[PDB]
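Here's a solo chain for you in structure tokens, the form deposited in one PDB entry.
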């Protein structure tokens, strides 16, 4: 069969030959008990760059050994892309959320041998699930592969914003000292109130990690967490998110983007936050009105904003979030650390082997399976 795999570009100076470390930490399961990916074998060394075009998710040898074809490209935007071009007869499509190959209804329609749409990561927002359901395309993802990676990024950014790390580092790097210039916008995180919009795998991991900082934890979600979890973390529930904002010094967004949540942070809802509040958003760029956020930082309503998700993405070279005051942005990378890559590359292989040997794909990985949401 034919596997069409869309990956991001290699580094500026080439594909790395040498890495900072020899191995990766051993983990057996994810919080809650889900086990880590269980492929029959892997043809990469954990820690190597796997999500770039030269890493190939460590799949070529396995695929070619069972007489399958592996097409790897980074060109996936438009009708004239390699991806569109190769889609027609690909049996399997693989892409990561970090450089996604959108499976529009149109493409799904022209995708004649398409049986499996695999997300090497988490998050199939780039896929049209109705069309896959109708056309009987199985949609799978490597559940939990990077939830912890994202939660780490969130806590890092909260600390960095509150403590004014980025500006302080600049003074050091540029030959300065200027203690008062660093600390006139620096606070401790201890005892501040922090709230999460949604408490799913990432939101819960974030709350767990913040607890020992002796912050007061708040959350809002579609449904409340089990009472014992609320008790263990001393959580304060908010039935509406607009009720949670005014009492929080820090708000982290960990919810999906829907029409209901598009632009949920705008000039109007920003007026509900306390003066000097901080926002961290590693969820979707468009949860926030780009200009509303920029205005809040320029004016001082907000004391910091950080995340790794933007709109549009890739972000334009002049996107105002790159240079607005008190930002802690990064490009879209939180779930594509070398560590997270080793898990989703292994997960990707495990699913392929299942699909090819006729075995069932773990239920946890399945999104759309055979005419329906599974």
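For the two forms, the rigid core is made up of the largest set of C-alpha atoms that agree within 1.5 Å on superposition. Residue numbers count along the first chain shown, from 1.
Unshown form deposited in another entry; subsequent notes refer to it.
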Determine, with the core as the superposition reference, the one member of 88, 172, 247, 166 that shifts its CA by 2 Å or more between this form and the one not shown. 88
After superposing the rigid core, is the C-alpha displacement of residue 212 2 Å or more between this form and the one not shown? no
Core-aligned C-alpha movement of residue 322 between this form and the one not shown reaching 2 Å: no
Would you tell me if residue 51 moves between this form and the one not shown by 2 Å or more at its C-alpha, with the rigid core held superposed? no
